[PDB]
Amino acid sequence: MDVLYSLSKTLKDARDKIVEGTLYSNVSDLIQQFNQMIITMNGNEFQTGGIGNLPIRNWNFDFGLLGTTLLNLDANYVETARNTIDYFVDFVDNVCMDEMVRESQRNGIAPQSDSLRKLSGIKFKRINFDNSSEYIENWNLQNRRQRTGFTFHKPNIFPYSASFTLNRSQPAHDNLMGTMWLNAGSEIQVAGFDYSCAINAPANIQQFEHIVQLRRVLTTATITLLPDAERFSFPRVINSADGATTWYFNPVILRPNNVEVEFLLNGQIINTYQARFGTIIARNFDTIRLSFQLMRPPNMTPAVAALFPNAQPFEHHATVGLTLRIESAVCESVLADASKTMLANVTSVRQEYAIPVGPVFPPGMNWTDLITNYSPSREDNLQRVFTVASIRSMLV
Amino acid sequence: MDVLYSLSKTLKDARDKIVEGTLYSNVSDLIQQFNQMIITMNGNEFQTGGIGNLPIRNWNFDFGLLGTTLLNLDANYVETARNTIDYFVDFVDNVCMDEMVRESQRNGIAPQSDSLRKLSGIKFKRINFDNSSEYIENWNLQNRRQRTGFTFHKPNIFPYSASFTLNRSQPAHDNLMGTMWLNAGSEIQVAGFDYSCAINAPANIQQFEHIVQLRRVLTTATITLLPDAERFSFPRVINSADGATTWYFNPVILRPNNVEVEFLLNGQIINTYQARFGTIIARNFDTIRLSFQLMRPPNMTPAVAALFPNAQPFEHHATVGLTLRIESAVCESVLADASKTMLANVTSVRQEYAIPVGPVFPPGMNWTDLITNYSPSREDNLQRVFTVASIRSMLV
Amino acid sequence: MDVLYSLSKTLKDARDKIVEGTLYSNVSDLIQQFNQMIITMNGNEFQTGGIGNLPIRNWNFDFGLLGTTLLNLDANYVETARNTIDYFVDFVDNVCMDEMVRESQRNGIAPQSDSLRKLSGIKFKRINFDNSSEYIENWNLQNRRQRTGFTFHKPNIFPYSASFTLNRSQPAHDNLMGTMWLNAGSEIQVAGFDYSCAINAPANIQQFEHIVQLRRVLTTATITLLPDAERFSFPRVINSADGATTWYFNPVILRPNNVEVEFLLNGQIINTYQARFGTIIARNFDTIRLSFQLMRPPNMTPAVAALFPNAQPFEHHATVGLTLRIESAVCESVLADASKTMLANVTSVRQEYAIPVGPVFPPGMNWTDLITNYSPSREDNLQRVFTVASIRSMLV
Amino acid sequence: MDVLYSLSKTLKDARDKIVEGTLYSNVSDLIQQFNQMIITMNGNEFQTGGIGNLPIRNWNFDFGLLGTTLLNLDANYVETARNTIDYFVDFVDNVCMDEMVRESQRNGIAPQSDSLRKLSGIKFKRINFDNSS
Amino acid sequence: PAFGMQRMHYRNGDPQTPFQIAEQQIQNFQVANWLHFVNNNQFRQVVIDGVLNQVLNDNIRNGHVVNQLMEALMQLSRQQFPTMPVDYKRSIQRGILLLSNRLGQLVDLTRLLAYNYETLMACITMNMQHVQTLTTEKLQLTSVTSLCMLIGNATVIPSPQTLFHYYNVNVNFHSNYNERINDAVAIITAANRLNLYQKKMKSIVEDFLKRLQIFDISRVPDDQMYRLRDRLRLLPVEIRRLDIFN
Ligand SMILES: [Zn+2]
Ligand SMILES: [Zn+2]
Ligand SMILES: [Zn+2]
Ligand SMILES: [Zn+2]
């Protein structure tokens with residue numbers, strides 16, 4: 001992985017720096033690294049593809065070194081370098097694609113393609129140089145077992161789930177108390193509804209709780225907490241829990257009461273935020289507990305009092321809400337997020353070449369299924385393919 | 001463009017690396033590149049033009065070389081380098097501003113300012129060194145006709161449009177069937193409404209289809225798809241298509257049925273997602289087809305059955321929705337996005353100096369007009385100005 | 001491509017110029033180029049054809065050179081050359097066929113076959129010499145991103161479309177107003193019909209408009225505009241817009257009135273011709289807007305007055321027509337045309353070897369679908385295959 | 001006209017034949033003709049006129065000769081040749097456009113623009129070569 | 001050493017010469033192009049007036065390729081020679097320039113050599129067959145240095161009388177060769193058709209080789225003598241001698 005990244009990095013630096021007219025002093029070290037790459041790869045045969053519709057491709061390396069003396073680079077130098085770089089970039093892209101489409105339940109972090117397994121030999125370690133990218137840096141740190149940290153803008157940590165819980169219900173679905181939520185991506189909208197508006201609730205307060213267990217521990221997380229959940233604040237015909245029938249929801253939004261957002265690690269309260277909205281920081285957590293209360297207004301204007309009668313029918317249903325958006329976070333594991341394209345790249349490569357479903361990932365690399373059952377083998381394979389995809393993105 | 005970018009890059013490296021106390025070995029190559037730039041620019045007279053309110057400015061280069069004598073850089077060295085760097089940064093910023101405010105219909109990719117046209121002469125090719133920025137990389141790839149790639153977080157690919165289509169309508173607008181949508185930036189919210197709730201539909205199914213044609217091909221796209229469209233889920237009073245009258249919309253949100261999101265390229269189906277929500281990947285597409293259905297619930301609780309009668313009047317109107325956000329994508333063309341500031345920089349420079357409207361861009365640098373009519377000439381000019389803006393942002 | 005073109009060009013020049021009895025001074029440079037080709041190809045192994053029914057062929061080169069000191073070529077010299085020429089021509093034809101049947105979505109301009117990919121290596125660049133054909137010239141300019149255009153006699157720019165639009169209609173289809181057009185190749189025949197002959201129209205004038213949006217900009221185009229559409233000048237039984245019924249058209253041809261042709265580029269009026277018939281020049285355009293009018297003759301002879309009554313039934317339907325033929329044009333992109341055989345050659349090669357449908361082109365190389373969705377990737381692949389076909393037609 | 005045609009023909013032949021890797025024997029006569037054109041044009045000032053909205057343009061020719069002494073043409077050679085060829089092609093296109101927009105009632109076969117009238121002098125006859133179109 | 005490349009570990013019997021490996025392993029266009037020419041500058045075969053002739057590449061004949069050589073070695077004069085001691089490097093580069101700065105003289109020398117070769121080759125009547133001979137002519141590279149460093153601009157071409165004498169000697173040798181072949185074949189065929197089974201064709205072949213005037217017959221290997229006998233037995237008899245024998 002480090003040798004493949006070094007190949008890609010050398011090729012990227014050659015493309016960016018070996019340009020007509022530039023001083024040779026701008027590239028001398030780069031030229032030496034490029035020549036080391038050529039020497040190390042010379043006389044080696046590689047094969048890629050042979051899986052799905054990915055074509056079999058053979059690669060033989062017989063290239064000369066760059067040894068010309070110049071003060072400034074000219075067109076001849078750049079054309080020679082360009083020919084060599086084009087061949088090497090094609091080889092690296094094919095190796096990356098071959099590795100991205102493969103997986104194993106055992107040793108999923110280890111190389112899977114024969115080309116990358118061959119690149120893991122000692123004789124190729126000479127190619128290795130600067131490893132500065134976040135993904136390769138995390139790879140090296142993990143191989144050393146230090147903390148690795150991936151920073152995510154809007155991490156895709158919550159599998160999609162639009163669900164509800166009815167704590168009080170009956171077949172007519174006209175006197176319901178419960179919660180409905182959408183946990184999607186970095187976002188959580190939750191709403192506790194009571195059709196009676198806590199008319200008979202002790203102290204005229206109805207308590208709602210929502211526990212969301214993250215599949216991985218998040219750290220240094222910036223969270224936006226807003227009082228209302230816009231997704232559960234309009235009239236809605238919802239299906240029955242078993243699908244037999246449909247019930248009606250006619251929200252009237254009351255501000256949530258006694259809001260407590262707890263960020264827990266191993267069941268222990270790491271962060272607690274009471275009646276606090278806007279930007280908050282969760283420094284280290286694996287679970288979120290949103291506890292909020294529907295409090296019946298002690299004093300109502302006639303228009304308000306008309307909405308909440310003493311008994312059924314309950315035409316307007318009192319709803320309190322909460323919206324929790326993870327703007328940014330850090331995770332030791334790899335995740336999809338709004339800013340990066342690694343999941344997109346892997347999925348595109350697997351779809352384009354019609355890669356059959358393997359024993360590790362779900363069909364089509366569906367992120368919801370993958371994150372729902374984010375097993376250690378899945379995590380290893382995902383980190384491998386994401387690192388390969390980041391390596392490929394440097395060139396392609 | 002490569003010479004201008006190299007000037008800006010050398011100046012940025014000088015600002016970052018020529019610091020008090022630094023080892024000369026940390027700056028030796030940088031000092032050589034900077035002195036090469038001084039030699040190349042010396043004796044050349046430049047003029048940045050008087051288009052709009054931009055002052056006409058004359059630039060003369062008669063600078064001495066930076067020293068090579070100190071083992072560690074001291075304060076005197078840094079001050080002299082600061083003087084030279086300040087003059088060069090002023091020149092480069094003025095050249096970038098002069099280039100940004102100009103446009104051409106015939107050759108929009110070619111330099112328009114006289115200073116950048118002069119810098120395209122061969123005598124300045126010596127200044128050229130590392131081209132590692134994404135925009136300059138894409139510029140060089142484009143000049144060689146190679147596959148270009150710009151990565152966008154929330155690409156601004158949809159021109160703003162809040163519109164509706166009534167497939168069934170009548171003068172009093174009490175039995176309406178149709179669709180209303182907002183296409184804004186990276187987001188598409190669509191909602192199909194039936195006032196009769198598909199009571200007389202062939203199978204109690206009302207089919208809605210929304211086709212969005214992207215002005216450019218997007219690849220490696222991560223897309224969040226959510227069932228509901230919160231924007232079309234509250235009561236509204238809406239102008240008639242001709243503005244002669246206003247009609248009433250009183251949505252009640254039903255779950256969309258048989259949701260099929262198709263990502264099409266050249267009219268061919270590239271990606272298909274049926275009843276899938278959350279994060280999906282569209283690897284290569286230029287058109288989105290969202291098909292959904294309002295299905296009458298076969299079984300209704302008394303309240304739900306009360307909402308939907310057998311005949312008019314229809315007080316509650318059954319609405320199904322869909323939200324489609326493009327979190328990230330890759331495009332061969334330049335676009336405005338939520339992360340980069342190129343469009344903002346170009347627009348700010350044009351407004352600050354009261355640039356008269358040109359023959360290429362809309363008369364505000366307005367993005368909706370620009371992306372609606374994204375012609376090849378507009379794309380060439382926009383790539384030029386965005387590359388120059390990225391060059392300027394390195395220094396300003 | 002330039003190496004393949006140079007191979008084909010060298011072989012063509014060898015066939016033409018290496019003839020019995022010719023002065024050695026007539027062929028000295030050609031003999032040098034031919035010997036360079038033999039030298040470069042000697043010792044190289046090539047493989048062509050593993051796609052469709054194109055058989056796998058293996059090519060080896062161990063040919064001798066040609067003499068260089070005689071004064072006149074004799075039968076012995078030509079006999080020595082002919083065997084090598086035949087083998088090389090067969091190899092070039094097979095390489096061209098291998099490249100013609102291949103396509104890709106990522107880099108369609110880049111070589112796809114293994115043979116042409118190998119010929120892209122630096123060592124074969126020595127074979128490259130005079131690139132004088134139109135297609136190779138455009139290839140080379142387009143690689144450098146210079147303004148270059150292909151000249152077409154009767155360009156095939158309009159996808160086949162025989163359609164009609166009714167602006168006035170009703171179920172019986174006895175009083176219709178609208179337009180019917182054929183868009184085919186370089187030809188637009190349009191006809192506006194009014195069944196009432198504009199009896200109740202304001203000023204007794206009925207206006208018809210037809211807009212044709214070309215998929216590529218045509219420049220320096222010669223157009224023949226005639227005032228009648230012979231295609232829509234005879235009785236027709238025409239399906240309804242949904243195929244539920246057939247209506248009757250019984251034209252009587254009146255001359256078109258206020259004929260205006262507007263050739264537009266990016267919505268801007270470039271050329272305008274009013275009441276002009278014969279040859280006109282459209283210098284640069286992507287859209288053709290034809291506006292014409294049916295005017296009632298204020299004075300009618302008894303037969304003419306009998307044709308058009310004051311009210312229904314309308315048995316003779318007044319029709320005005322226009323015919324627009326693009327005789328020749330220039331387009332920056334490749335197109336099929338009445339003179340070249342590139343499309344025919346590519347289609348023939350693909351059909352003869354049962355090439356499976358790829359992801360870029362439509363099945364069977366259908367030109368109507370290809371020009372309906374002429375995307376940049378399709379344009380790249382089409383330019384590649386058309387250049388290869390032109391190279392192949394130099395020898396076959 | 002024959003001098004203008006020969007300039008255009010030399011430039012087209014240079015663009016088609018001066019390609020990276022080609023044998024010098026493929027371009028020897030072309031290189032000689034190109035250098036003859038450079039020598040004849042050097043030191044001469046031209047002005048393409050401002051008839052209509054055609055911009056007034058000034059052209060100065062001070063160019064080095066295309067090199068000999070290469071067995072195969074390399075990238076540096078092609079780059080230098082392309083710079084010179086681009087400037088010459090721009091000049092030729094502008095001269096052709098300036099001539100295409102002018103007319104006289106009498107002697108309308110003769111050159112109308114100043115650039116083509118200047119090119120009709122004896123000193124530019126050296127540029128003239130194959131007139132095959 | 002100029003390009004800082006690791007010294008070639010060349011293996012005898014390799015199908016590629018050292019220059020053929022270097023052409024692939026050297027990226028510089030000047031040196032690589034010169035190496036390519038040197039690798040592919042073998043003789044070309046062409047029959048003129050029924051005589052097989054070994055002819056040179058046209059770039060040798062006009063002397064143009066010397067420019068490429070010059071170009072290549074000019075590049076070698078600009079190279080760093082990374083690890084070489086600087087005085088030795090300077091000496092090598094100044095020698096490279098000694099040869100480089102004689103570009104015009106070397107072009108003239110190449111054209112003169114090629115012209116003299118072609119003019120004297122016009123006078124050859126027997127096929128110029130290319131075979132690797134048992135013994136060689138030893139060419140001192142110091143004599144090559146003398147020729148390269150001392151050639152002026154005085155053209156010297158073969159005299160017409162020299163050409164005629166060379167052509168006459170070649171024609172005489174060729175005609176004598178053919179006539180002695182005819183005599184040997186005639187006598188061998190006559191002896192066989194006269195059933196002279198005790199006749200030794202070895203004596204006939206030795207007389208033939210002696211009349212060729214350029215063979216010391218005592219040093220002809222026996223296998224070659226018997227092969228000569230076998231090949232002479234297969235030739236048909238010349239018409240005049242055969243008619244006399246009939
Ligand atoms: Zn229920
Ligand atoms: Zn309406
Ligand atoms: Zn964001
Ligand atoms: Zn109809």
# chains A, B, ... in the order shown; residues from 1 in each chain; ligands from 1
$ closest_atom_pairs --of "chain A" --to "chain E" --cutoff "8 Å" --atoms "only C-alpha atoms" --output "CSV"
residue,atom,partner,partner_atom,distance
A:62,CA,E:25,CA,7.8
A:63,CA,E:25,CA,6.2
A:64,CA,E:25,CA,4.0
A:65,CA,E:27,CA,6.3
A:66,CA,E:27,CA,6.0
A:67,CA,E:3,CA,4.6
A:68,CA,E:28,CA,6.2
A:69,CA,E:79,CA,5.3
A:76,CA,E:29,CA,7.0
A:77,CA,E:28,CA,7.5
A:80,CA,E:27,CA,6.7
$ write_last_selection --atoms "N, CA and C atoms" --output "short mmCIF file (atom, residue, chain, number, x, y, z; two decimals), in the first residue's frame"
data_model
loop_
_atom_site.label_atom_id
_atom_site.label_comp_id
_atom_site.auth_asym_id
_atom_site.auth_seq_id
_atom_site.Cartn_x
_atom_site.Cartn_y
_atom_site.Cartn_z
N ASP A 62 10.59 -1.69 -18.82
CA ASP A 62 11.95 -1.52 -19.33
C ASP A 62 12.06 -0.06 -19.77
N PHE A 63 12.48 0.80 -18.84
CA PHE A 63 12.61 2.23 -19.09
C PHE A 63 14.00 2.69 -18.69
N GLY A 64 14.52 3.64 -19.45
CA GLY A 64 15.77 4.27 -19.09
C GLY A 64 15.59 5.37 -18.06
N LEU A 65 16.70 5.75 -17.45
CA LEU A 65 16.69 6.82 -16.46
C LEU A 65 16.77 8.18 -17.13
N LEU A 66 16.42 9.21 -16.37
CA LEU A 66 16.64 10.60 -16.77
C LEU A 66 18.00 11.01 -16.21
N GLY A 67 18.94 11.26 -17.11
CA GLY A 67 20.29 11.61 -16.71
C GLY A 67 20.81 12.85 -17.40
N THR A 68 19.99 13.47 -18.24
CA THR A 68 20.41 14.65 -18.98
C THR A 68 20.70 15.80 -18.03
N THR A 69 21.75 16.56 -18.34
CA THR A 69 22.14 17.72 -17.56
C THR A 69 21.57 18.98 -18.20
N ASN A 76 12.29 18.25 -24.89
CA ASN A 76 12.74 16.86 -25.01
C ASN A 76 12.64 16.14 -23.68
N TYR A 77 13.14 16.77 -22.62
CA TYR A 77 13.10 16.17 -21.29
C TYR A 77 11.66 15.91 -20.87
N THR A 80 10.08 12.92 -22.86
CA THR A 80 10.55 11.63 -22.38
C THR A 80 9.90 11.28 -21.04
#
$ residues_near_ligand --ligand "ligand 2" --cutoff "9 Å" --atoms "only C-alpha atoms and all ligand atoms" --output "count of residues only"
18
$ calpha_fit_rmsd --fixed "chain C" --moving "chain B"
0.5 Å
$ residues_near_ligand --ligand "ligand 3" --cutoff "10 Å" --atoms "only C-alpha atoms and all ligand atoms" --output "PDB file with C-alpha atoms, in the first residue's frame"
ATOM      1  CA  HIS A 153     -17.276  16.940   7.319  1.00  0.00           C
ATOM      2  CA  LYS A 154     -20.803  15.657   7.931  1.00  0.00           C
ATOM      3  CA  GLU A 327     -21.193  19.140  11.095  1.00  0.00           C
ATOM      4  CA  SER A 328     -17.715  17.695  11.642  1.00  0.00           C
ATOM      5  CA  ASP A 337     -18.885  11.811   4.318  1.00  0.00           C
ATOM      6  CA  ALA A 338     -20.207  14.768   2.353  1.00  0.00           C
ATOM      7  CA  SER A 339     -16.800  16.067   1.228  1.00  0.00           C
TER       8      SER A 339
ATOM      9  CA  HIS B 153     -18.681  19.576  -2.478  1.00  0.00           C
ATOM     10  CA  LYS B 154     -22.351  20.376  -3.062  1.00  0.00           C
ATOM     11  CA  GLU B 327     -23.176  16.028  -1.421  1.00  0.00           C
ATOM     12  CA  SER B 328     -20.128  15.609  -3.666  1.00  0.00           C
ATOM     13  CA  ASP B 337     -19.832  24.933  -5.137  1.00  0.00           C
ATOM     14  CA  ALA B 338     -20.283  25.396  -1.397  1.00  0.00           C
ATOM     15  CA  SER B 339     -16.559  25.030  -0.584  1.00  0.00           C
TER      16      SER B 339
END
$ residues_around --residues "residue 254 (chain C)" --least-positions-apart "6" --cutoff "8 Å" --atoms "only C-alpha atoms" --output "PDB file with C-alpha atoms, in the first residue's frame"
ATOM      1  CA  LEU C 294     -49.911  32.382 -44.482  1.00  0.00           C
ATOM      2  CA  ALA C 318     -53.950  26.354 -47.139  1.00  0.00           C
ATOM      3  CA  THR C 319     -50.282  25.426 -46.726  1.00  0.00           C
ATOM      4  CA  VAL C 320     -47.047  27.416 -46.883  1.00  0.00           C
TER       5      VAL C 320
END
